[PDB]
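Same chain, two versions here, written out as structure tokens and called structure 1 and structure 2.
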Structure 1
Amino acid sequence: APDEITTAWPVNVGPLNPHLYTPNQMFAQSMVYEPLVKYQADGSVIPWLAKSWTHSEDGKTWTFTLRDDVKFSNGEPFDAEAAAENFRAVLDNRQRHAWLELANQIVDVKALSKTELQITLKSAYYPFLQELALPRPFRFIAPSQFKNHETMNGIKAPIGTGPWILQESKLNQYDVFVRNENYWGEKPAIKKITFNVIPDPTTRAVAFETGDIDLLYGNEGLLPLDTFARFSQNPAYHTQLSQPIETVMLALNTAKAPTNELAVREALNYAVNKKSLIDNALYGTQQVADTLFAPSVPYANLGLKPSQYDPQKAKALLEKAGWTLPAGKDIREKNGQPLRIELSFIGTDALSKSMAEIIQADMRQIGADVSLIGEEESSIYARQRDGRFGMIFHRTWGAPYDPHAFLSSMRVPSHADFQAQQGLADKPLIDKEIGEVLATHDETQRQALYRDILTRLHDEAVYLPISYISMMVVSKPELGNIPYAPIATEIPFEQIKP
């Protein structure tokens, strides 16, 4: 069947509530649900469910003109009432969306007619349109499928306007999607997509080698990277590696001994041989990261000075800070206290473990004792939210989140970044400036504020950037060239064209 494919995902796609997070998978929410405006790789948006829009001079009131020809997959019309009901349903759960500042800025949403939708904002929020473009939460389910006139407590059928329809889901086995034959836009070439639930990366590679699946698409965790490199040379297969999409880093706890000392954080940022780490654990497949955001990220080409691998310098910094080696020991001490740092990661994630072992080795060579704390996912996320870590693996979010949304979220205390930053004298100023940068319409001031925030974060050595990672593809050749989505968390199945 040349227009049916089988792929894999580590978990089910979830219930496909458009307005909720885990266990809903973003790429799948994006398959069914659509936005008012669609994000493009150049950073702009184009008309989508909204054909056009205007705003007020003060930038607080926006009026969208909607398409008039869009139906939900169940035949019900998409109109301004439906869109307004969705916004209400999202904002009824406002607390859950704190990380996204548009959810705090929207003050009112109302359908002025079937085709006119008015959105009012607290302030002149510059990332407005890009945040409407996101996979979640501002996309649209048929209001008939609300439960008790809400979505925050669940939905009935996951009815969107999008090019794919969920056919069926079987927990821990598979999810099947079919093409929407009444889609308002271009019809996908592919008719059916089956997602086999395959949690282990090795098991995913095996499934591809046996012919059980036709396509694997995902980030650096998709399959073992040595196997990837092998497949890349195998003439029976097709593989791809995108340009980098986001940063993988450690976050260092500025509020916990001994990472509360700037000098210790500086030393750590000279201690890791990142090129080696990438060649060893990532099989040469990713790029070295010197800064939180790659220089290609909007607002982030700042000429920030890299801390290159330099164990001599790391040891000098620590000696100067009073962290010195006792007679016959390899671990430094200050005030009888050992230089001991806990590194938390997801313990069943083989790649993270491999990286953690490398980081531990490199840091031992400069007299820091890194203890590896590998735990289940829920325990790691809990550590991130409450700052119970020394160092922790973390990542940025990709386009169109990076940098404005990721920075916005640094203000939210129940996220790793806030927690890592909590010990900085200038954290309140950073948070103030993050608030300002998002509202400011003076473009000169906006660049200054991004420079200031990112520069403080860099100079304070809050992070240990490791790698700018890429999306990876393995496919049967008959599927052809597999496109990448502008939005880093989306999978553009509708663009596959054998």
Structure 2
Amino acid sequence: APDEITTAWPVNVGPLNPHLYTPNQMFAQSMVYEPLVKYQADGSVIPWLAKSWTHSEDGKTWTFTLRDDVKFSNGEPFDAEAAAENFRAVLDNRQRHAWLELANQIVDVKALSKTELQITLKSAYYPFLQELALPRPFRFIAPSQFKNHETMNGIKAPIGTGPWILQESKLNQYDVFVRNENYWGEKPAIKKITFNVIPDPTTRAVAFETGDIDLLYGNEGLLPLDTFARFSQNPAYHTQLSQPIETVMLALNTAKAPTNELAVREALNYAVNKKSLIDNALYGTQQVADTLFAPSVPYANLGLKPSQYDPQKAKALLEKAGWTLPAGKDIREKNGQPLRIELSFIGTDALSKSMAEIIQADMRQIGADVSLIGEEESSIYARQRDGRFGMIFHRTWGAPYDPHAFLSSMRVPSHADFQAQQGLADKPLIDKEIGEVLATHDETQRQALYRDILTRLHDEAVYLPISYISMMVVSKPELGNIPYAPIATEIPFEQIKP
């Protein structure tokens, strides 16, 4: 059976609603649904579904000449009226998409002719095309697939215009995709991809060793990192470690004792041995992170001061702040309350857990008591919505979300970043400046707003940056080189020659 391939993913791909989030998996959404405009490594975009466009001088009104020759999939036509209906379906759920500033900006969309689409924006919005390129939400499902006249409540069947079709899905066993034969673009060489649902990292490694899995592709969690390092030595396998794509950190709750105290957040930044953490937990496969964004991220080379590992500084900071060691205890007290801090994390991820124990042990040495609460993933998202954490693992999103989309999302009253930042006197200022970062057309202005925002987040110790992580590949040598997509969350199955 060339030309079919088998892979793994630790969960099912999900309902494949193009317009919702969890549990839809983004690489899958991107396999089935396509955008107006496709993101490129240079940061630019190229015509995709939209063959061309023009804009008013004031730059608020955009007219896209769609391609004429595109059909979902189930045969139905792709035309301006379908696009308009998707946008409308998206904007009915607007408050959910408020993390993405484009959502806050679309004033209306109007189908001109069969081939002309009119989007109008509240401002001349410079991140427009790149944000339209995103896996989600501005991608197109056959309107004939709504429920009522909505997508926010569910869809019927995942019909899009992409090169791949969801054939079959069996919770929690496997998802099958077949190549779309009536596809407007280039023919993918692979005709079928099967995702075996396999939640555990070691089992994923054993499954690759059996010969049944053609390709594994994913982040640091893909498989255990010591086995990956063995696999890389094996002349009968192929492996790849990309350059770093995003950052992994703790977020510290500034609106919740004791992490509401600057001194405490700084003493925590000082108390962790990051290199020891990375060589141990992460097997020296990844690199040490000092700042929310690596210096290689646009706008982010700022020379921000690293917090290097320093338990005496940490415990001096704590001391000066009134957190003191009472006769007979390990753990500091202020007005009789112990320096206790809750760290929350997906109870079943092996990496988070290992990291958590290390962090726990490192703080304990400075008189801070962290208790590990491992819990259900849905419970973790909830506390992130809620504001119900001391410290929480968290990560950035990869190009092209970093920094601009990731900063935008910090403003939206729920998720992790707004909640962790709620207790800063500085917060309304930072939210106004993020806003200005997305508004301004002058690069010199942009350079300084980014410096001011990232500098404040950094000096206020909102985060404990941990590492900069990479994509990871394990594959059969016959597939050749496996490429990386310009969007970090996509997998470019269509480029593989088996």
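Rigid core: the largest C-alpha set superposing within 1.5 Å between the two forms. Here, a residue number simply tells you its place in the sequence of structure 1, counted from 1.
For the core superposition between the two structures, please identify the residue among 334, 353, 427, 395 whose CA shift reaches 2 Å or more.
With the rigid core superposed, the residue that stands out is 334.
Aligning on the core only, does the CA of residue 325 end up 2 angstroms or more away between the two structures?
It does shift by 2 Å or more.
Please check if residue 76 moves between the two structures, taking a CA shift of 2 Å or more relative to the superposed core as movement.
Passes the 2 Å threshold, so yes.
Answer yes if the CA of residue 459 moves 2 Å or more between the two structures after aligning the rigid core, and no otherwise.
After core superposition, the C-alpha of residue 459 moves less than 2 Å between the two structures.
Taking the rigid core as the frame of reference, how far in Å is the Cα of residue 193 displaced between the two structures?
Taking the core as reference, the C-alpha of residue 193 is shifted 0.5 Å.
Core-aligned, what's the Cα displacement of residue 182 between the two structures in Å?
The alpha-carbon displacement, core-superposed, is 2.1 Å.
Once the two forms are fitted on their rigid core, how many angstrom does the CA of residue 383 move between the two structures?
C-alpha displacement of residue 383 between the two structures: 1.0 Å.
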